[PDB]
Every structure is written in C-alpha cells, then in structure tokens.
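Trainee:
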Amino acid sequence: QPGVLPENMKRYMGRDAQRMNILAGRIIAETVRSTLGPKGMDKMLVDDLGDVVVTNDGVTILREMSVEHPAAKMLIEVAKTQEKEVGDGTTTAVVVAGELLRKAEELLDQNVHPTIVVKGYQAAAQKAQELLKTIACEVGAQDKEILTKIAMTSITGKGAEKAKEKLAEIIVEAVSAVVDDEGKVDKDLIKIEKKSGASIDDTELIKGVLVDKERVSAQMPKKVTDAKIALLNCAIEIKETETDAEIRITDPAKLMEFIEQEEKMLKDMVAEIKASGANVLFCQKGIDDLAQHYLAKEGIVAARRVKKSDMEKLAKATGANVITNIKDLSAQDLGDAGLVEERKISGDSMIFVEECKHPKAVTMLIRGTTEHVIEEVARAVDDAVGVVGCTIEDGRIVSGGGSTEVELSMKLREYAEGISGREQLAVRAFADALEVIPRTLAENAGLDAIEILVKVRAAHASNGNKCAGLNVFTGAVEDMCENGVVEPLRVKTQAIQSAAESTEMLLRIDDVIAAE
Amino acid sequence: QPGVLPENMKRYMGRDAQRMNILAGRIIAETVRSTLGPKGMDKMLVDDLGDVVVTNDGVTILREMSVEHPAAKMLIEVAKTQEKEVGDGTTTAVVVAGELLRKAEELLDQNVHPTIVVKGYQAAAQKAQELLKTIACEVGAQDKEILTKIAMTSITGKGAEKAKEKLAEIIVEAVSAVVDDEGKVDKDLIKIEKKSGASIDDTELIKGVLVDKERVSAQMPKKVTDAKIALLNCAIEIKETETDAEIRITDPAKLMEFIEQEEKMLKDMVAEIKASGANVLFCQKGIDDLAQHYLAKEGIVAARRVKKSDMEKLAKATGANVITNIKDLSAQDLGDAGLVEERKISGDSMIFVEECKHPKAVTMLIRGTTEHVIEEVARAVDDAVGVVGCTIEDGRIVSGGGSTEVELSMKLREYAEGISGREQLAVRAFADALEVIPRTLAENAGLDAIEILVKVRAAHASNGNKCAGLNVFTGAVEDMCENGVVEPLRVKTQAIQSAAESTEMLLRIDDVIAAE
Amino acid sequence: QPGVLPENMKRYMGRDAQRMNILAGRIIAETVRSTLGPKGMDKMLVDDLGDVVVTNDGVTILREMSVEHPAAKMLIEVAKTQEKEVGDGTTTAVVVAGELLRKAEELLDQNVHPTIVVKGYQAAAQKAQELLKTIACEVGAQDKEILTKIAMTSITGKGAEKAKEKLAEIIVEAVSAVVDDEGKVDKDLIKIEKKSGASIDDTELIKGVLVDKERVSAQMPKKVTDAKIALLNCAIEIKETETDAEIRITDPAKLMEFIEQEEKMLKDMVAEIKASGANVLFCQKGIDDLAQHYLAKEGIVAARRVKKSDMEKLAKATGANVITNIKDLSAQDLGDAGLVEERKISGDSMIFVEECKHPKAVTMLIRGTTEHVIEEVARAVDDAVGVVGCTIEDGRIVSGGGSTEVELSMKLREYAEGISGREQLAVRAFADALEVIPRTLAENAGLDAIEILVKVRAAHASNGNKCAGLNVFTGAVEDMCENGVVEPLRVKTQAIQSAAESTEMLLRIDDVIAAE
Ligand SMILES: Nc1ncnc2c1ncn2[C@@H]1O[C@H](COP(=O)(O)OP(=O)(O)O)[C@@H](O)[C@H]1O
Ligand SMILES: Nc1ncnc2c1ncn2[C@@H]1O[C@H](COP(=O)(O)OP(=O)(O)O)[C@@H](O)[C@H]1O
Ligand SMILES: Nc1ncnc2c1ncn2[C@@H]1O[C@H](COP(=O)(O)OP(=O)(O)O)[C@@H](O)[C@H]1O
Ligand SMILES: [Mg+2]
Ligand SMILES: [Mg+2]
Ligand SMILES: [Mg+2]
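Residue numbers (the numbering used here), protein chains in the order written: chain A, 470 to 985; chain B, 470 to 985; chain C, 470 to 985.
1) Determine the chain B residues that contact C:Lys631 at a beta-carbon separation under 7 angstroms, and present them in chain order.
2) If you measure between the beta carbons of B:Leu577 and B:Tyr590, is that distance less than 8 angstroms?
3) At a CB-CB cut-off below 9 angstroms, which residues of chain B make contact with A:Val581?
4) With contact counted as at least three CB pairs below 8 angstroms, one residue from each stretch, are the segment 560-575 of chain A and the segment 894-902 of chain A in contact?
5) Return yes when the Cβ of C:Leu750 is within less than 8 angstroms of the Cβ of C:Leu783, no when it is not.
6) Let me confirm a value: residue 987 of chain A is counted as buried when at least 16 other C-beta atoms fall within 10 Å, else exposed. Which label applies?
7) Pull up the distance between the alpha-carbon of B:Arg717 and that of B:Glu709, whole angstroms please.
8) Given this structure, state the Cα-to-Cα distance separating B:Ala687 from C:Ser668, to the nearest angstrom.
9) Looking at A:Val680 and A:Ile820, is the spacing between their C-beta atoms short of 8 angstroms?
10) Does the beta carbon of C:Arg717 sit closer than 8 angstroms to a beta carbon anywhere in chain B?
11) Counting only the same chain and skipping the five closest in sequence on each side, list residues whose C-beta sits under 8 angstroms from that of B:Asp802.
12) Taking only runs of the beta strand (DSSP E) that begin and end inside the segment 732-799 of chain C, which ones reach a length of at least 3 residues, in chain order?
13) Measuring only from the beta carbon, is A:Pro507 closer than 7 angstroms to any heavy atom that is part of ligand 1?
14) Any chance you could list the alpha helix (DSSP H) runs of at least 4 consecutive residues sitting entirely within the segment 500-562 of chain B, in chain order?
15) In chain order, what residues of the same chain have a beta carbon less than 7 angstroms from the beta carbon of B:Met780, not counting five sequence neighbours either side?
16) Taking the alpha-carbon positions, what's the C:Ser665 to C:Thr672 distance?
17) Does the beta-carbon distance from C:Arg495 to C:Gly567 come in below 8 angstroms?
18) List, in order along the chain, the chain A residues whose C-beta lies closer than 7 angstroms to that of B:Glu575?
19) Residues of chain C with CB under 7 angstroms from B:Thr972, in chain order?
20) Using DSSP with H/G/I as helix, E/B as strand and the rest coil, what is C:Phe821?
21) Taking 8 angstroms as the CB-CB limit, is B:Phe727 close to chain C?
22) Check each residue of the segment 482-516 of chain B: if its Cβ is closer than 8 angstroms to any Cβ of chain A, include it; give the result in chain order.
23) By DSSP's criteria, A:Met482 is part of a beta bridge. Which residues make up the other side?
24) Considering just the uninterrupted stretch of the alpha helix (DSSP H) at C:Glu810, what are its terminal residues?
25) Which class does A:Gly567 belong to by DSSP, given the choice of helix, strand or coil?
26) Under 6 angstroms Cβ to Cβ from C:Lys633, same chain only, skipping five residues before and after it: list those, please.
27) State the CB to CB distance for the pair A:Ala830 and A:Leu658, rounded to an integer number of angstroms; the pair is presumed to be in contact (CB under 8 angstroms).
28) Using CA coordinates, which residue listed in B:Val854, B:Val473, B:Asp720, B:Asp979 is at the minimum distance from C:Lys508?
29) In three-state DSSP terms, what is A:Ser931?
30) Within a Cβ cutoff of 8 angstroms, which residues of the same chain sit near B:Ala930, ignoring the five residues on either side of it in sequence?
31) Just checking, does the segment 908-917 of chain A make contact with the segment 926-944 of chain A on the three C-beta pairs under 8 angstroms criterion?
32) Can you give me the start and stop residues for the alpha helix (DSSP H) that A:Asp695 sits inside?
33) Using three-state DSSP, classify A:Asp948 as helix, strand or coil.
34) Any heavy atom of ligand 2 closer than 7 angstroms to the beta-carbon of B:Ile906?
35) Can you look up C:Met689 in the DSSP assignment and give me helix, strand or coil?
36) Use the C-beta contact count for C:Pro471: other C-beta atoms within 10 angstroms, 16 or more gives buried, fewer gives exposed.
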C-alpha cells in the first residue's frame, strides 16, 4: 500500500532528465551571451531589497540572479571557477558550456548514447588542451608592452574602456610591483580603493597604502616627509600581569606613587619609540590617552587600532616589521615612505602612506563620478589585474577575437577524421561548439555570423593565419595579434576544460530526483 | 501611468516564442512516437470521469489527452486532418512535424532567419510531392490481392493483428461492395457494429444491415426468406388536415360512424401495402396500434420509428425507395433481401436484413471478448477501411517500413545540391527530417537506428531499390514491396503536406500573447 | 470640505496627459511593426478561453489583444477604418500614426505648442494628399496583368505567399466577375468558403454558390446538368388564411374530402413548379413532406429552409428571381447553372451550384491542410480582394516597398522650405515620419535602415525615380514598378489621412480624466 520513495517529490527520467539539464544550461548561457565582447551590453540586476548592480561581468550576473535550478547551479560553478583561477573569461566559459550541451542534444536525438557523447567530448577536450599549447606564443614576464595589450584587451567592451590606455598602464605597473620572488602574483597585495571624484581619469597608482584612520591627536603633524614608520601590534597602555594582581595602599602618600609609576611606564614606552628614530607610528591596538600626549609632544604622528589587514599591507609597502614588544623596537624594524599625510578625499579624512621605494603592496585608487560607475570600473580593473597576473605567471598568450577558437575548431575537425566510429560525431560536435564564440561576437556586433564564419574559417585553412579573426568594427578578417587583441593562454585552457568537465558531468545524468 | 496592453497577460518574444512552439511540437511528437509501427505500443488514457481508452491510434491519443498548450493544439490539427482525409498515418504525420520543428531549431541557432527556413521547407515539400508521384506504383481498383496487402499492412502492430488475414479479406469485400458508380468510396456506407462474443474470429461481413428495433407485434413472423421490403417514412396513423378541423356530432348513431371511418382508413392503408407484394415493412414514423393488428393479420413483419439513418442504409442495401405516400407505393419501390430475421445477439434482440444481392451499403459486425478489446479492433478496422478506400480511389501505392521516406530523403538531398544560398540548409534539414520515420521504427523495435539507417541509405543509393526498408524482425534491409508492406500514396502525400504547412505556420511566429 | 470632482478618479494633466497618449500610441505601433512587409513575422494570440489566432494581419492582432488603454483604443480605430475603406495597409496606417506621435514629442519637448504642431501636421497631410494624386499611375479596370500584380503584392509576406500566383489569378477573376454596372465592387458578392483538404493549391473559383443544405429527399437526383433553378421564398405548405378559420365536419364522408382537398392543393403547387420548366428548387421556407414526395416523383431536386442570404446569392449567380407566389412562377423567373450537384467536401454534404454563365456573385473555395492555416490564407485573400477592388474602382495605383513614402517625404521637405515660422518644424516632422515605413521594411529584413534610407533618398533626389525602393532580398535600390510591387493609391491616401486625423485629435488633449 504505502509509497516506497517519498511522495513529496518530482522525478524526471531519461529524455526528461536530459532535457531538463540541457535546457537549463542553454538558458543560463543565453542570458549572458549579450555581454560578450567589444559590442557587449550590460545587465541591471535588482535584488529583493531594491539594491542595484549594473555590470557586464558574466559571473557577477550569474551570482546576482539567484538561480535555484539544480542544473543551472552546476553551469554557474563553471563561471565561479573561471573567476577563481583566471579572473577573466567567465562569460566565455559559460557560453561554450551551453553550446556543448546544445550540440549534445543533436547527437542524443540521433540515438547516440550519452556515454559515447561523453567519451567523444573528453577526447576532443584533451586534444584541445594539446593544440592550445602549440598555439600559444611565449612572452616574458617583464614585457610591459605585451602586458599592456593584455590589460587593454580585457577592458575592451566595458565602458571603463574609455580610459583603457591609462588604466592598463597603471594596472601593469601595479601588478609588476607586487610580483613575489617566486614569480607569482597575489591579487591581494594590490588594494583597490573606490572614491568619487571629478572623473575616471583621476584614477591613480599609489606606491603605498590608504588607511581609514585619522591621527590620534590633532597636536601631531598632518604631513611628514621621508618618514620612518613604526609598526606596533602590542598596545601602548599600562601593562598588566596575566596572574590576577591587586595593589593595596595603606599610606596616603603611596597613593600618588602608583599613579606616577604608571605615568612613567608610559613615558618610557614613548621614549623607546622615539629612540628608534621613528616619526610615524601605526598601532594595531589601543594607545593610552596619556601616551597620545607624550607622542604628540615628541612630534610623532600616531594612529591607533589599525585593522590587522592594514598593518600587514603597511608592512609590505614600507619594509617595516610589525613588533609586539616595544622593548625590542630598533631602527632596523622601521619602514620607509616618501610621504605620510592625513588629508581629505571625497570629504573623508584618511592617512596616505605614499611614495614608497620598492613596495611589495600598492594601492589602485579608482575614481569616477558616481558609485555605480566606479564599481564597474573596478570590476574591469579586476579582470585586467587577473589576466596580467596570469601572463606574468604563465608566460603564454594567444590571440583573441575568436581567432583561437576558430583555429582550435578547424584542427579538432582534422583530428576527428581519424576517429573511427560514433565517438567521431561527438568530437566534431565539440569542434563546432567552439565556434559559438566568434559567432556571438559577430552577432553582438550586428554582423552576419554565417558569412563571417565562412570568411574567418577560410583565413585559417591551408597553412593560413592562426591569428585571423573578425574585426567587429571594420567587418573584416584581420590579424588579431597585429591589432594587439590578445589573452593569456590560461583563459582558453580553463574555460574549455571547465565547460567540458561540467557538461560531461551533466550528460551522464539519466535521473533527476527533486524533493519538497 | 496605466498599462497599454492588458496586465493579465503573458508574452513571449523572439527566441522565447520560437522555443515555446518548437518545444510544444517536439513534446507532442514524443508522446506518440512509441506507438509507431509493428513493435509500437499502446497508451491507456483515463479522463476526469474515470473512463478508460486504450489505443495505439495516434490522433485518438492526442484528442483524449486534453491538451491546452496553444502550439500543441496546432500540431494536433495535423493529426485530425490526416484522419479526415486518409484515416491512417496520424502518428506518422505528427512525428514528421515534430522532426521538422527540431531540425528548424538547429538552423535558427545558427542564425538562419525563420522566413528563410520557411522558404526552404516549402521548396522541399513541393519537390517531395513531385517525387512522391514518380515513386508511386499504379494499381487497379479491383486488384483484391493488392488491396488485401494494403489492409494487412494497416493492421500490423495493432493487436487486432492476430486476425489480420481474415479481417483484411472482410474489409476488402466490404469496401469493394460500397464503391459508387463514380468510383468513390464513402466510409459511411460501411456500418460498423460492435458486439461481444466468443472471439475476434467471429467477426463477419453482413450483406445488408442491422436494425436496433424489434418487430412491432409478436403476432408477426420472426423470420422471412426472399423478402419484399417496404420503406415508408410517412406514418401509418389516421391522417389529419393541416387546417384546424373539428368534428361535431349531434346524432348518437353518427358516433360510431366516425370511429369506423377511421378504422377503415387504417385498414385501407394496410391493404395498399399488402397489394404492393410486401411482406416486410420498415417505417420511419409511428404505426397506429390498430394498423399493427391488420399488418400482423396479413403476415407482414413491421418495425416502427426507424432511425432516419437506418432507413437510408436499408434503402441502399435492398434497392428500396423510401416512400412518403402510401397511396403511391408500388412493387417497383420494394427492396429485396435473402433473409430478414429478428434474433438475439449478445442478449439483444435486433432485426437482421441480410443476404442482399448487390448491396450499396453493408455491415461489418466486429466481435471480441470484451468491450475495450472490440473498440480497438474497430479502431484498426477503421484504419484499414480508410487505406483500402484510398487505394481504390487513387490507384497509387508506395512501399512501407520507412523505405519511401528514405528514398524521398535521398532524392531531396540531391535536389538541395542545386539550391544556392542559405535556403539550402533548410532543404537539407527537411530531407533529414523524413528519416525520423525509419529511425523510430527501428528504435521501437530495439534496433540501432544509426547503423540501420546507414544500411538502408546504402540500398537506396546509386540506382538501387526504392522499396528497400528495415525489417524490424529479421534485422535486415528487405524489399518491402515483395514483403507486401505497402500504403496508399495518399498517406505520405497528406502527412508530409500537413506537417510542412503547419510547421511553416509556427516558424513564422515571433510573438505569443496569451491572456488570463 | 467635500470633494468637488469625483474622488474615485485618476487625472493626468499637461505633460502627463501628452505622455500618456504619445506613449500608448507608440507602444501599439511597436507591437505590429514586426509584421510589416515581405520579411514580416506573425503573432500567436490566445484569449481567456484558450482559443488561438495566428495571423500577420495588423488590425486582426489589434482587435484580438483586448486593449483597454483609452488612447490606444483611438489608434486602433485607425486600423479598423483602414480595414473598412480599403481592406489592406492596416499595419502601415497604425505604424505611421505611432511615428507622428513620436515626432510630435520632439517638438513638444522644444516647447512648440501642441496647436502649432497640429496646424503643421494638417498642412503636411493636405499637401501629401495633393502630392499622392500626382504620384499615382492610371490603370484600366480591366487590366488583368496589373490587377494581378496588385493582388500578388498584397499576399507577399503572408505565408499564403507560397501560392500567390494561383491565388492572385483566382482573386482577379473573382473580383472582375462581381463588378457592378456602376463599376463598383461589393466585397460581399464574393463568398469565401473554408474547407480542409490536400493543400492550398486545391483552392478554386466557383462560378456559382455553395449551399449548406442537402436535397430534401433521397429519391431526388444528386446531380443535374444545365439546370433550370427556381427560387421560392414562400412555403410549399398548405396555405392558411390570416383571419382565424376552423372546419366543422358533421358528415363522416366529408372527413376524407378535406384531407384530399389539401393533398390536391399541394399536388397543384408542385405541378405549377414543374410547368415552369424547373428541375432544381431552392426554398427559403419549409416544404410539406407530401410536396417533397411529389417533387421527387417529378424528378425535381429541392432544398428547404435556405438561409435568406443564400437565396440572395443564389439569385445573383444564376439570374433567378426569388418568388413569393407559386401561382406567379414563370420560366422567365428561372435561373441557370451548368451543374447542380450534392456532393461531399471534407466529409460534409453540400449542394454545389456551379458553372454559371455570367454570375453576379461567386465563391472562392479556400483549401489547406489545417483550420488555422486556412484561416490565415483567407485573411490574405481578403486583403487581396480589397486592393483589387480598390484598383478597379479608383483606377489609380502607386509603387510599393516604401518608394512612395520616400518620394512623399522628399517632396514634403521641399514644401516645408516655404513654410514660415514654427509650423515649419511640424511639417518637416510629418515628412520625416513617413520614412518609418521604408525603415521598418529594412529593419524587419535585418538590413541597416540608416544607410538604405540614404541610398533610397538619393535615388529619389534631383529628377530621379519615384518608383525607387529597397529590395529587402538583394539589398539594392530597385524600380519597384518594374518589379511589379504596386498598391492602390487608396491604401496610402487612407492610411495617411487616418494617421493624421487621429494623432491631431490626440495632440489636442491636455487633460485626461479617468473614472473607477
Ligand atoms: N578588440 C576586440 N575585437 C574582437 N574581439 C575582442 C576584442 N577585445 C576582446 N575581444 C573578445 O571578447 C571576448 C571576451 O569578452 P568579455 O565580454 O570580456 O567576456 P568574458 O567574460 O568571457 O571575458 C574574448 O573572445 C575576447 O577575445
Ligand atoms: N511489416 C512492417 N514492417 C515495417 N514497417 C511497417 C510494417 N507495417 C507497417 N509499417 C510502418 O508503420 C508505420 C505506420 O505505423 P502506425 O503505428 O499505424 O502509425 P500511423 O498512425 O502513422 O499509421 C508506417 O511507416 C508503415 O510503413
Ligand atoms: N516584394 C516587395 N518588396 C518590398 N516591399 C514590399 C513587397 N511587397 C509588399 N511590400 C510592402 O509591404 C508593405 C505592406 O506590408 P503588410 O505586412 O501587408 O502591412 P499592411 O497590413 O500595412 O499592408 C507595403 O509597404 C508594401 O509596399
Ligand atoms: Mg573579459
Ligand atoms: Mg496506422
Ligand atoms: Mg498588406
């Protein structure tokens, strides 16, 4: 009598399961296609709270639409990974994924079994990775001209693109500055600050850091040049034993003596600081109001309760050692900056620590007229920082504008010739799926995809040009490398690998069991 | 401020409109594919009232699912037309239609504009009609051997197929009998009766008609041989003027005289009937109880209030003229039958009018153990009656089992070679769409569609055999004409034309506006 | 204290009123733009009952969306009028109207007062009517080649366009046949019948009429050649005085005598009919069952209770006089038809009265696979019948494909040069508004409107070609007159006048007061 599997449950099997997933994928892909490339357009997303995000950024859009559909969630993971590993090409990856799903449907409607499609995809994907390596050009991690093209390509189609030359130079300087001694780039050592102002061109690089604290006492200097900075993360307050201790006073005179002893301990703390040669002081903990006095009388700029993250970046920029024992503070622990100034910026008072010599962290101060405008500039700067970092780390790049996908597509078909059996249809499918990129670029530019594809495919055939792609302005096939349209090899390798792995995962599903 | 278009309304534009329709079509198609062919399976459909229909019949299924979706409704119209014009191939037509929609999607995703797809389809469809004429064989409307194969093919895969030889012979006799003098077949002159009994083999042809009435008075004979039948659709009651008239009686004696005068009028009516030589009488109106008496005294079998439809078929079978004036009833108006008997059949008393000489209407009495079993036998008999009728009328047939579709497909591709431009992709699409039939046949038989298609396509290429199709039992390509697997040209021509016109109609839609 | 004007009321003044109307107009226009021209697309409209309409037809769409917005309702009236007066160009007229509203907004945002805009529009419109007369070519009401181009142009872009040559010839024959002796065309004498069948090419012209009634008695002939038809709209039943009358019978013998007298009156009625020479009889009233007998004995085909509208059209086709006194029926009242046949069509029995000699009414029998497909063919046939009628009546045509609007636009700008003052801006606005047609045609064809407009405008400038328009296939400016793309002058004159009058009406509104 009673039901075995839960009654409160929907279930989709075989064809229905496949359709459910394929459909979800395609629909996710279709909602971001319009954003792709130079003539890409932006979405405005409103949440249930009435908050607005306007952005071109693929993965951002996908996160902000609060998608519940279980298969869509899988595709969105593709975009999230692309973001983590590369920082660019999120839309590309998702769109390729959707296309693989769509091409898989044609094969499944012919009765090719899912596992065979999967097998075929896996083969094509491996081959694509191999081909992508032969396709990439080598570049040096210090080739600023090429790094700058990498950044500018990233910003193309973003609306921040109006300022792409200036932005790219700044971004290339910034990333170059924080490259560690193992040759790696930590996106975190480039602090992004966002502040309203006259325009986007007011955006600047700061060799140093911005600190959202003010000097602890107005009697201290507001400005100081060639400063010797002290980083202290112990507190400048009267020290207190760990074991519970209480004073007992029985003589009225001894009353003052304890107060005075405490005042002296504090005076001594400041004197030890002065002795190191420091004129500027950032402290992670608190500073007794009396110590604040003494510091000011010594002409020392001090800030209290500085964010741990701030101390860590201040250290990186100036060469200072964060100290936990005032007793052990020497001149060798002090950091150095050309200028430390408290000044206002968009009506906020902050402490600028700038003109450091060889900073290991820096600040990109992004400026624009309005908050939402800035936010999007920032999102674009993030994309560029990403790919510039990838290039510096990998030393491998490829041409953009769909050229690489077409070359890939063309070679994969050659590969498919030698595949025997049904698996072959899957390999050709995979090949054809890649052309979604050059097609969408044209589509978004109001061009005719079918004919441009014909033209671009031709320029790649024989022993033609792997760099040939559609210029969505002139309408001609051009040499994208010569035009400076390039991207890190890592964008393509990741996007394709991600799309392949996730669609293979979905195509293996023959049963969906949803609850509640 | 206020909304222009109604607020209580959903709307789907461009891509969304196309998907909505394409999807609906495909889903309708997919729900009947499983029924197609020799290894086709049946659906059991339950309505909101708890009534059951189990059937293989495509259009029946689609009517019984109470489909609300507006695009689906359009596809269902394809099945309904096929039923009206042919009586068979409803599943085929719907499945082809779905396939055309699916192939259209691939072209639309490449950015081929809908109107171009449409144009292409129209071309292919016209070409197909031309090709179908050259593909058809001629047959004579009196070729019983070929007509019998036509019927048997129809019944294959129906469960009534257990009795297909017997059924086919009966069906062919039946249709042959009602062919008019212009060579046309009216499916209506073959009355189908359904009655439970020992088995389906008890099913028989009746040269004559079954009447659901009993003789009007038990004093009349139950049986009568070589009968002279009278058809009267005026009433045997006392006649009454149209102008209002009343009798006035003032003399007591004249009281009887009026009653007697009426009795005489009735006696005279019967005597006029006897004088024509009639021993059996069917009357469309009523018969005064006194006339019933006189008729019985004269040994005349009479039935009253016979359905107009019954009178009309009785007339067609026996050669009688339905008369409206008893005065004008002569022996030349009488019909003839070998046997008129009232007898029981499944516990029901009815009047059999059988063994007529050259009947122009006839009765197929269908027998089976249970109601739902009979119903389906009947549905199959209907299909066969249809195609036999089509063959007799058209004189053109083609080979079955997917052979004709494959030949069509192959030729249409040849045609497409000479199409310049984008329209060509649509023509090839159309061609490939047709192969859904041979694919589904194999699929339903658990065979591998991809390889059998390869084999069948090969048998058709060069100057091979237009009759080559997959035998879903042996697994081989065989000569379907030699195996007696044939269908009226009209089933292919209509199915294809219907699918083409309705999918073209849908593909022209770019906006869906639904209310409430 | 209490409110003066009703409290349950919204109100929009000045700017808000203007925006409300302008907006409504534009939105209505925008919903039908997509349907315009050769590459136009169709909408699928679902009502609250779940009934579907799929159509390209502008005014049909606007009627089926149940639009409540008060200003939209006004624009819809534009479409309805175009339908009544012309039968084609409904979309054109509505789109022009929207455009006038949009161009009016630009002028209102510059602070040009509404009345001045209005004044300007009125001037432009009057000028346009004058210019349209000089632009039109003359044609003879019997120039079948030109009438045929007119029809084909009409059907272009409709999906019935697949059969446009055949359809056009039939339509031209049909309209030509019903032209009266004052040279006018009543669209009502061309009866449209819709019946499913093998395909749209089965569509045919019937010189005569279809009657949905079967012969009254099966004993009558089903077919009859060179028939003499009798039209009777009195009844063939026993006549009854107006003054109340009753028979009194006192003698039993006189009983029969009254019945017989009535039978004789009926026999006499039939005999009088036979005497006129008639073999076929259509009666608007009833026919006594006994008369039906006598008629059949005389070999006369008769139908009873024929729709008044049917009698009227039967008369028009055959040359018969509908008679109300059987006594006064002579041979000169009889009509003539080559063939009168009762036969089946899509499983329906009807009476065909065809092959009449010089019919003054005819039937277009439209055929297609499915109901919704047919409906739309019919809608297109209606459009063509309309413009063919217009041409025959007016004798004036103009070139299509936007050429005329461009010529108009160009001349109206010339006119505006000599307008002094602000009114001038309104005249140039009007001029520019007309270009919405050539723009939308291109747009719908995926072409670039801005550049094609530049090209077309050039071909018209100087003393160029008034017939020059965009070919939306080749992409070139071509001679639309040479390509046979033509329309009745009435389509442009009415569309423009309608748009002008209704937008002027709306622009005069400064206050909207809505209730409830
Ligand atoms: N100047 C250009 N011309 C053509 N294509 C370009 C140009 N600049 C960038 N692209 C292409 O646009 C695509 C990336 O666009 P974008 O909207 O940033 O998507 P994603 O989120 O996937 O990076 C890449 O194929 C890139 O090569
Ligand atoms: N013996 C057979 N072998 C292969 N195919 C057959 C055979 N008999 C019938 N068919 C095919 O089955 C199809 C019709 O199957 P059916 O289930 O009746 O569908 P429909 O409702 O479309 O007629 C036709 O394509 C016909 O060629
Ligand atoms: N072959 C053609 N080439 C270009 N334009 C055409 C052609 N045939 C018709 N047209 C144009 O299409 C327009 C009519 O389109 P249609 O969708 O019927 O709208 P409407 O309901 O307003 O008549 C007219 O401007 C006519 O000139
Ligand atoms: Mg990018
Ligand atoms: Mg069948
Ligand atoms: Mg039109």
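Think of the CB as a built atom: it goes at the ideal place given N, C-alpha and C, for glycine as much as any other residue.
Mentor: In short, the structure shows the following:
1) Within 7 angstroms Cβ-Cβ: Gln591.
2) Not closer than 8 angstroms, so no.
3) Neighbourhood of A:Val581 in chain B, by CB distance below 9 angstroms: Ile919, in chain order.
4) In this structure the segment 560-575 of chain A lies against the segment 894-902 of chain A, because at least three pairs of beta carbons, one per stretch, are closer than 8 angstroms.
5) Not closer than 8 angstroms, so no.
6) Residue 987 of chain A is absent from the model: chain A starts at 470 and stops at 985.
7) Straight-line Cα distance between these residues: approximately 16 angstroms.
8) In a straight line, the C-alpha of B:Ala687 is about 56 angstroms away from that of C:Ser668.
9) Result yes, Cβ atoms of A:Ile820 and A:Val680 sit closer than 8 angstroms.
10) Yes, C:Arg717 lies at the interface with chain B (some Cβ there is under 8 angstroms from its Cβ).
11) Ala699, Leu700, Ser745, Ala789, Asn790, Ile792.
12) You should have 749-752, 770-772.
13) Distance from the C-beta of A:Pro507 to the nearest heavy atom of ligand 1 is below 7 angstroms.
14) Every unbroken stretch of the alpha helix (DSSP H) spanning 4 or more residues and falling wholly within the segment 500-562 of chain B is given here in chain order: 527-533, 539-554.
15) Taking B:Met780 as the centre and dropping the five residues before and after it, the same chain places the C-beta of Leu700, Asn702, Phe751, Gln753, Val791 closer than 7 angstroms to its C-beta, in chain order.
16) Rounded to whole angstroms, C:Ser665 to C:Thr672 spans 10 angstroms at the Cα level.
17) Yes, they are a contact pair.
18) In chain order: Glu575.
19) None at all; the shortest Cβ gap to chain C is about 11 angstroms.
20) Correct three-state label for C:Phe821: strand.
21) Interface criterion met: the Cβ of B:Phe727 is under 8 angstroms from a Cβ in chain C.
22) Only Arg484, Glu499 from the segment 482-516 of chain B bring a Cβ to less than 8 angstroms from some Cβ of chain A.
23) Looking at the DSSP assignment, A:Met482 forms a beta bridge with A:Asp980.
24) The continuous stretches of alpha helix (DSSP H) do not include C:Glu810, which lies in the beta strand (DSSP E) extending over residues 804-814.
25) Looking at A:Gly567 - three-state DSSP - the assignment turns out to be helix.
26) Closer than 6 angstroms at Cβ, skipping near neighbours: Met621, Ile624.
27) Taking a contact as a CB-CB distance under 8 angstroms, the pair A:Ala830 and A:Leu658 counts as one, their CB atoms being some 4 angstroms apart.
28) The option with the nearest alpha carbon to C:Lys508 is B:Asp979.
29) In the structure shown, A:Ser931 sits in coil (DSSP, three-state: anything other than H, G, I, E or B).
30) Here the set comprises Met879.
31) Enough Cβ pairs lie closer than 8 angstroms, so yes.
32) Under the DSSP assignment, A:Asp695 falls outside any alpha helix (DSSP H), being part of the beta strand (DSSP E) whose first and last residues are 692-701.
33) Strand at A:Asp948.
34) B:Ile906 Cβ: within cutoff of ligand 2.
35) If DSSP states are grouped into helix, strand and coil, C:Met689 belongs with coil.
36) Result: exposed.
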